[PDB]
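These notes concern the structure reproduced below.
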Amino acid sequence: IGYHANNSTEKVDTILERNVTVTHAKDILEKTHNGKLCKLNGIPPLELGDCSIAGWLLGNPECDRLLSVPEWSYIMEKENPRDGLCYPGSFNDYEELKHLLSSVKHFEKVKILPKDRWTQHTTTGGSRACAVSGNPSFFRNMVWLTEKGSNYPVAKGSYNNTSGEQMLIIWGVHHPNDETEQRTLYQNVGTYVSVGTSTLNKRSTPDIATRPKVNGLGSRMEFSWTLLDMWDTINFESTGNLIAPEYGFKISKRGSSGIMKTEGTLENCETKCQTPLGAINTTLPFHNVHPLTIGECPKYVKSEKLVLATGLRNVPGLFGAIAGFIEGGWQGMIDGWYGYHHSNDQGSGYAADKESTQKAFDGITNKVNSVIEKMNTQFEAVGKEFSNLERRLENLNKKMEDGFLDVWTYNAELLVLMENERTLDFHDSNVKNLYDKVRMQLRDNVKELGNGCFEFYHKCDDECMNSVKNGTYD
Amino acid sequence: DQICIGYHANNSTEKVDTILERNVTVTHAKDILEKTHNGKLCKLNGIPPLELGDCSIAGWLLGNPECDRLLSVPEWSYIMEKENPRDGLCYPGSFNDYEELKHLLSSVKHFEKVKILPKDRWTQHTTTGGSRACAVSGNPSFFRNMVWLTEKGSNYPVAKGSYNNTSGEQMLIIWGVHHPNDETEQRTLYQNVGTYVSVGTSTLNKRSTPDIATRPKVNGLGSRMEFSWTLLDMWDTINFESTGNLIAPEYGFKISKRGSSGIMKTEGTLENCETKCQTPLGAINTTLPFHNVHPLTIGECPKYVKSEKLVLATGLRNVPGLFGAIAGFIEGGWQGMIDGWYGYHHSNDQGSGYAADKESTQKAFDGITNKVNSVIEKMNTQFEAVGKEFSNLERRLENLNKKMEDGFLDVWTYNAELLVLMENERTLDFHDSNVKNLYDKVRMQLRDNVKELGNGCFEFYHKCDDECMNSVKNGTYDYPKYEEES
Amino acid sequence: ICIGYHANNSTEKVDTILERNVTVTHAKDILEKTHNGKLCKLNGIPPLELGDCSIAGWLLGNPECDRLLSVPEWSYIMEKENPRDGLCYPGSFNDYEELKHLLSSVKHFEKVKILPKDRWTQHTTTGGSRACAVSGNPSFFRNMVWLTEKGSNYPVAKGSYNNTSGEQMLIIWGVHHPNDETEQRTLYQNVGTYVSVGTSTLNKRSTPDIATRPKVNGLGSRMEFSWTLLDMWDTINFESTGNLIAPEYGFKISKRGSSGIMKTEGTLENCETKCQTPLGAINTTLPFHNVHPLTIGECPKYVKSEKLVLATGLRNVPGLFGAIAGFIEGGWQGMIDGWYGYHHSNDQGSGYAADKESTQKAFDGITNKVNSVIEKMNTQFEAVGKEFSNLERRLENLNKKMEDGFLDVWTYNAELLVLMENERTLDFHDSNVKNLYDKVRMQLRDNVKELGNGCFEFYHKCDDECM
């Protein structure tokens, strides 16, 4: 009676030993990507290229050559894009807006307050900070309302959202550098910008103050945004300083996702799980490619290897058989894990025991499937956006992401160490029972050598052997 | 004459899973997953929930007239609110830090409405302002708890009102600012045009100005009322001052908490049962470590888990393993044995029978009882609310909460599933070992005086009466005899 | 010759999954529960000791905070729960909690004068108040300037500063909210005033909120402070027609790594640690601790356990494999060379001789088990104790629910890991003995009578050479 051995050099670790050589193994740690940024469940990412979401939505001219898909599953944005607010300013609840737009089932720009209908006001206001070909220009999607021939009548504009979808609408307030600038632009001095819906009520006043120049400008534009419900109306009214929308964005979501910081470009592959380094195609329970994934991914883990033993100890244990009283394995056996040798005056040979091998194999298959398929895997974004005044909130997020990282790493490491010493012991027991099963038949008619062999007292031809390996014999 | 070592079997069809096998039939099992509720919404630790019925918390606190018929308890342990109540801000508006206020009120040790700035004392101002958006019987009315200060006969003198909190408890006080639809409305209501509303305490400093703008009509109104709130400490004073547009409180709410809880979205009503753990589907009464009833629980509950079954094997493999005994060289089990898990058969010229081995059965039973108790009682279970409130501009914060709740869900589910799979293969193996040792314990006594058949039976060479058997099952036995030999 | 196992005077108890209060020959506690009682340096760098002050009081320069130490560098902040000296002049501080997090850990911190008090000619500059009194006399936040009318005139106040210090600079300013319109005038002449602050990033125009309030420290007025980080080479511009409480100083700040604040009454003591708690410092390699939840540094997983004892030796007898406390009824106190071994009775003498090879292997295995449980534990720098405002009760609870969530995960897992690993360990020893017995039996065979107690009685004579 003996056990299998081969040319393998695959090493695993158990709870009691390490660097233990086994005959076969399974790695349950995915660590390879494809290097490519891909579609996610068949739907592409929004490719911003060199733009920020602000620049894109406002219509920074340097963002004219963007692709713009009707639908996307996540957003590729560079870390520190180049083209954002060409006209220096700020964007209120910018991060909230990014989350909103992270994943969109349908997205269509539509004209809601046409530039031309602003008669009684100058409409061509631009600036060289938004220059296209030396010439002054402006956010393609916004209108800079300024005095007309020395007069700025109350500006009123409204829009009933009849597009049949929620609509994202953005507006701005211009903050002059000094009182003089305020006048040459708007005539009036104590101005206001007023925005209303069923939900939104807001009246801003310009904050005229002295500031350092950004892109050569001391003035600023502060943008705000809102979701106009279906069949609801938005009302703009202003005595000056209103930067009005010309367009709105029909938006229907969906499921919500996240933004991926990367320099690379979309490549036309598929994936259910994307990382900033490349896409992951795996059934394995854990990965260590990169923490900031998007999609349905394995548990990220701080391990370098998680190798599960599946075969037995390779010898060229709890039950004292394998590498025990049966000193070594048989390379000559290839039909299975456990089996017989048998020496006869009709010839020698190695014959695997198909029934106990098959059972052991079913068990190990079940173990590996348990460790792999009990793992619940849902869609997550991981990489989140936080402002400069949200350092506590950002850290709460980190402490949380790190918290799970440690839980999964420790558990996966130990699950593998514990399950490996069980597996080797399992093989040991399988052999010990095969030996005992044969011993309990032969009894007296054989001398138990002690090396796992039985020397027959009587002659045992090829017909007699088969009975022993069968369970027949007598 | 012969004696046989064996193990219990029964009519059971209960199946469990191990790490190596599945759908394995065992003689007894324990389900450690609670999945039944009582369908009722109950008191929580003896204290009722606040039943809002068709109202929102805003509607309730402000005194929306459609909320007149609410119960109002002095004390509650959580709040039942519908998803999308019907009666909130009858006069269209907003409520600042509304969600924070809901959390504050989620659980309250004592709650009493008290009159702090009596409506009548506002002489020099009109006080009867109402609106048909808050209509009670066609007629115009208003939030029962608030006062709409308006011009009196073409005059709106500065309005001053203060209150020293002498109630001996923190007091929740709410006020509002009215945002007219146009400048004309502003005048016919308040005369003055550049108005303000000013509120102060030792802690709060706020001056609002009305935002007069054009808006779509909600409940037929283009105007809006924006409410704010604060906690007035004990022995501290609140000062209101305004040249117009103040919607002043008439009442305040004595509030003493407590512990903080949460709000439950449901359509159902309180039913007068008890529970330590409430779900939107019904209450849970269990000692089990895990449940799968519903994620949004309130109280002290089992770990919610995405499993369908978590069955722990306690008995042995039902046969009608690591140690090669059970369903091994002892091919099957004995249905005829009912005194225990392991035991003897024995064939005598005085009769046959089955006799369980009380000492090894009792030990095995104590071990399995300890295993099950370990898995169950090591589970730490504290009071939590789970269901949280987030505003429209708090989608990131809400998602952080979800990612967190989902994070633990996966941890517990994976661990519970595997803990059960691992512990089950140990249990079956444990029984196997128990039998193997009982067999070996008998073999090592008899030695020569018996032929080891190989099926777990021993055929005696000498005769072994009922007195001889007892010695073998005792551990006595010996042996001088001998015969045979002969 | 016999086969048996070790026993000793030990009374150390462990629990397994099947039994409890089981006595073993040796054990290892993997739960750290001792501190040194001292508050210490953290990785060689001291904490900022605020003593009786709040961070506001410190930064603004509340006079009652004059005698503070002030280090150029610190790894965390000691602040009392409810300090005594904060805003002596009643008010508020905007995004205060965010500011505390910013300052929790600082690589370099230097106060520098950016808008000298003297250069405010055309304005009165000596404004004080008895709420900030130093020796009866009125005083004011040492780091701030109270700009007031000069002889009945308050010209537009302009002051700017280009950040040339070569480091980000934390700058703080305030707006004074008078009690009534009259106070506004006797302080600033003008009535419709504003305070305006600008940088490349910050744009803000505040107006004073004149209203009636209860007195705090005898004052109905209030000062509302705000703050900003002025980037390197960027400029900040102040402009105001009144009510501006201007900075005289700014704080060069370079961080670092970010940490947290520790609420405590104690004082720094000049010890070292990698892990500090409010009760004392922890020096351990153990995977879990139960000293205190609010730690700072690199600490073991906090856990709700009272004991986590790992069995390492075998069952102490004065199992799965039926040997230990089985057919070999008890252990030998007379054996001291190892865990398993032989007795042997000879006509040349008796004795106990441990089996060095199987003992050494078992010992290597158990050493590996204990090392696995301990060294697989990933331990990173965390702060745990966080600051939340009165209007952040939801956010604070999200943090608690999270901290409690992991506490339960680790506690349950550590408890069960120990229970499961202990029944494996005892069984491991059992198997080791069973195999040593079988290894000897399979040699002797016929030449000996197997007694059944783990001994073999030789048929032939077996001298010391035969043994």
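Positions of Cβ are backbone-derived with ideal geometry, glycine not excepted, and every protein chain shown enters the neighbour counts. The values are calculated or read from the model by the stated rules, or taken from the named source; no laboratory read-out is quoted.
Yes or no, residue by residue, for (1) in contact with a helix residue (DSSP H, G or I) (Cβ under 7 Å, 6 or more places away or on another chain); (2) under 26 Å from C:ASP347 (Cβ atoms); (3) among the basic types (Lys, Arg):
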residue: C:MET420; (1), (2), (3): no, no, no
residue: C:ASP430; (1), (2), (3): no, no, no
residue: C:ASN435; (1), (2), (3): no, no, no
residue: C:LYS439; (1), (2), (3): no, yes, yes
residue: C:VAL448; (1), (2), (3): no, yes, no
residue: C:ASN453; (1), (2), (3): no, yes, no
residue: C:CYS462; (1), (2), (3): no, yes, no
residue: C:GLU465; (1), (2), (3): no, yes, no
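Would you pick out the residues in the range A:4-21 that are more than 14 Å from chain C (Cβ to nearest Cβ), crowded, with 16+ Cβ neighbours inside 10 Å and over 34 Å from the mean Cα position of the chain (by Cα)?
Taking the range A:4-21 as the starting set, the residues that turn out to be more than 14 Å from chain C (Cβ to nearest Cβ) are A:4-11, A:21.
Right, trim to crowded, with 16+ Cβ neighbours inside 10 Å and you get A:4-6, A:10, A:21.
A:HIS4, A:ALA5, A:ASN6, A:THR21, listed by residue number.
In the range B:194-227, how many are in a strand (DSSP E or B), away from chain C (no Cβ under 11 Å) and under 14 Å from B:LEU246 (Cα atoms)?
Step one: filter the range B:194-227 for residues in a strand (DSSP E or B), giving B:197-200, B:205-208, B:218, B:221, B:224-227.
Those left that are additionally away from chain C (no Cβ under 11 Å): B:218, B:221, B:224-227.
Add one more test, that the residue is under 14 Å from B:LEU246 (Cα atoms), and what stays is B:224-227.
Residues in the range B:194-227 being in a strand (DSSP E or B), away from chain C (no Cβ under 11 Å) and under 14 Å from B:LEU246 (Cα atoms): 4 in total.
If the condition is being charged (D, E, K, R), out of contact with any strand residue (DSSP E or B) (no Cβ under 8 Å at 6 or more places or on another chain) and surrounded by 13 or more Cβ atoms within 10 Å (Cβ to Cβ), then the range A:344-358 contributes A:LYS354, A:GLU355. Scanning the range A:94-134 for residues that are more than 30 Å from A:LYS384 (Cβ to Cβ), of a type in the set (D, E, K, R) and either touching a strand residue (DSSP E or B) at 6+ places or on another chain (Cβ under 9 Å) or not assigned by CATH to the domain that holds A:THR233 (or both) turns up A:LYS111, A:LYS115, A:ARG117, A:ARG128.
So which residues in the range B:352-372 are in a strand (DSSP E or B) and touching a helix residue (DSSP H, G or I) at 6+ places or on another chain (Cβ under 8 Å)? Within the range B:352-372, just B:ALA355 meets the criteria. For the range B:381-395, a tally of residues being buried (at least 16 other Cβ atoms within 10 Å of the Cβ) and farther than 18 Å from A:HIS99 by Cα returns 7.
Tally time: how many residues in the range C:82-95 are within 11 Å of chain A (Cβ to nearest Cβ) and either under 19 Å from the mean Cα position of the chain (by Cα) or not charged (D, E, K, R) (or both)? Quick ask: steps written out before the conclusion?
Taking the range C:82-95 and keeping what is within 11 Å of chain A (Cβ to nearest Cβ), we get C:94-95.
Applying the additional criterion that residues be either under 19 Å from the mean Cα position of the chain (by Cα) or not charged (D, E, K, R) (or both) yields C:94.
Total satisfying the criteria: 1.
Scanning the range B:210-256 for residues that are touching a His at 6+ places or on another chain (Cβ under 8 Å) and more than 19 Å from B:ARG187 (Cβ to Cβ) returns B:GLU226, B:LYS254, B:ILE255, B:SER256. Of a type in the set (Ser, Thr, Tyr) and over 19 Å from the mean Cα position of the chain (by Cα), is that true of B:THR25? The answer is yes for B:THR25. Screening the range A:446-465 for residues that are assigned to a strand (DSSP E or B) and exposed (fewer than 15 other Cβ atoms within 10 Å of the Cβ) and picking the one that is farthest from the other protein chains (Cβ to nearest Cβ) gives A:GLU455. With the condition kept exactly as written, say whether any residue in the range B:34-45 is small (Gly, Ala, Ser) and within 14 Å of chain A (Cβ to nearest Cβ). There is no residue in the range B:34-45 that is small (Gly, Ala, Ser) and within 14 Å of chain A (Cβ to nearest Cβ). Within the option set A:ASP50, A:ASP64, being in the same structural domain as A:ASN135 (by CATH), in contact with an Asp or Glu (Cβ under 8 Å, 6 or more places away or on another chain), surrounded by fewer than 20 Cβ atoms within 10 Å (Cβ to Cβ) and not aliphatic (A, V, I, L, M) holds for one residue only, A:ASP50. Against the numbered list (1) out of contact with any helix residue (DSSP H, G or I) (no Cβ under 7 Å at 6 or more places or on another chain); (2) facing chain A (nearest Cβ under 8 Å); (3) surrounded by 18 or more Cβ atoms within 10 Å (Cβ to Cβ), C:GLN443 comes up short only at (3).
In the range A:22-40, the condition of being surrounded by fewer than 20 Cβ atoms within 10 Å (Cβ to Cβ), part of a helix (DSSP H, G or I) and of a type outside the set (S, T, N, Q) is met by no residue.
For the criterion of being in contact with a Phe, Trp or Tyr (Cβ under 8 Å, 6 or more places away or on another chain) and either at positive phi or of a type in the set (A, V, I, L, M, F, W, C) (or both), B:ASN164 fails.
Taking the criterion of being touching a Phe, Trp or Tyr at 6+ places or on another chain (Cβ under 8 Å), in a loop (DSSP other than H, G, I, E, B) and either over 24 Å from A:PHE426 (Cβ atoms) or away from every other protein chain (no Cβ under 12 Å) (or both), the residues of the range A:296-307 that qualify are A:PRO298, A:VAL301.
The number of residues in the range B:396-426 that are farther than 29 Å from B:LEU20 by Cβ and aliphatic (A, V, I, L, M) comes to 3.
Determine which member of the set B:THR314, B:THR413, B:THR369 is of a type in the set (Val, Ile, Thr) and surrounded by fewer than 20 Cβ atoms within 10 Å (Cβ to Cβ).
Details: B:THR314 fails: surrounded by fewer than 20 Cβ atoms within 10 Å (Cβ to Cβ); B:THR413 fails: surrounded by fewer than 20 Cβ atoms within 10 Å (Cβ to Cβ).
Exactly one of B:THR314, B:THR413, B:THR369 is of a type in the set (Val, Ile, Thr) and surrounded by fewer than 20 Cβ atoms within 10 Å (Cβ to Cβ), namely B:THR369.
On the stretch given as the range C:261-286, residues that are surrounded by 23 or more Cβ atoms within 10 Å (Cβ to Cβ) and in contact with a helix residue (DSSP H, G or I) (Cβ under 9 Å, 6 or more places away or on another chain) total 1.
Quick check on the range A:244-267. Is at least one of its residues assigned by CATH to the domain that holds A:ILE75, of a type in the set (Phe, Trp, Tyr) and in a loop (DSSP other than H, G, I, E, B)? No: the range A:244-267 contains no residue that is assigned by CATH to the domain that holds A:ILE75, of a type in the set (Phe, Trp, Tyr) and in a loop (DSSP other than H, G, I, E, B). What do you reckon, is C:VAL216 of a type in the set (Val, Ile, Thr) and crowded, with 22+ Cβ neighbours inside 10 Å? So C:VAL216 does not fit the description; no. Only one of the listed residues (C:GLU81, C:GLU110) is in a strand (DSSP E or B) and among the acidic types (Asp, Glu). That residue is C:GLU110.
Scanning the range C:278-295 for residues that are part of a loop (DSSP other than H, G, I, E, B) and of a type in the set (A, V, I, L, M, F, W, C) turns up C:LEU279, C:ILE282, C:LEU286, C:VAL291, C:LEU294.
Pairs linking a residue in the range C:239-257 that is within 14 Å of chain A (Cβ to nearest Cβ) and closer than 9 Å to C:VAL106 by Cβ to a residue that is small (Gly, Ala, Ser) and in a loop (DSSP other than H, G, I, E, B), with Cβ atoms under 7 Å and 6 or more positions apart or on different chains, are C:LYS255/C:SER105; C:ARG256/C:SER105.
Being within 9 Å of chain B (Cβ to nearest Cβ) and either in a helix (DSSP H, G or I) or under 25 Å from C:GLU298 (Cβ atoms) (or both) is the filter here; which residues of the range A:385-403 pass it? Residues satisfying the conditions are A:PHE386, A:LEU393, A:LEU396, A:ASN397, A:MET400, A:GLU401, A:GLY403.
Residues in the range C:308-319: is at least one out of contact with any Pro (no Cβ under 7 Å at 6 or more places or on another chain), more than 24 Å from C:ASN21 (Cα to Cα) and not in a loop (DSSP other than H, G, I, E, B)? No, the range C:308-319 contains no residue that is out of contact with any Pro (no Cβ under 7 Å at 6 or more places or on another chain), more than 24 Å from C:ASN21 (Cα to Cα) and not in a loop (DSSP other than H, G, I, E, B).
Of the residues C:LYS376, C:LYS361, which single one is within 12 Å of chain A (Cβ to nearest Cβ), surrounded by fewer than 22 Cβ atoms within 10 Å (Cβ to Cβ) and within 28 Å of the chain's Cα centre (by Cα)? Before you say what the answer is, go through the steps one by one.
On the way: C:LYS361 fails: within 28 Å of the chain's Cα centre (by Cα).
From the options C:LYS376, C:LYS361, the qualifying one is C:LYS376.
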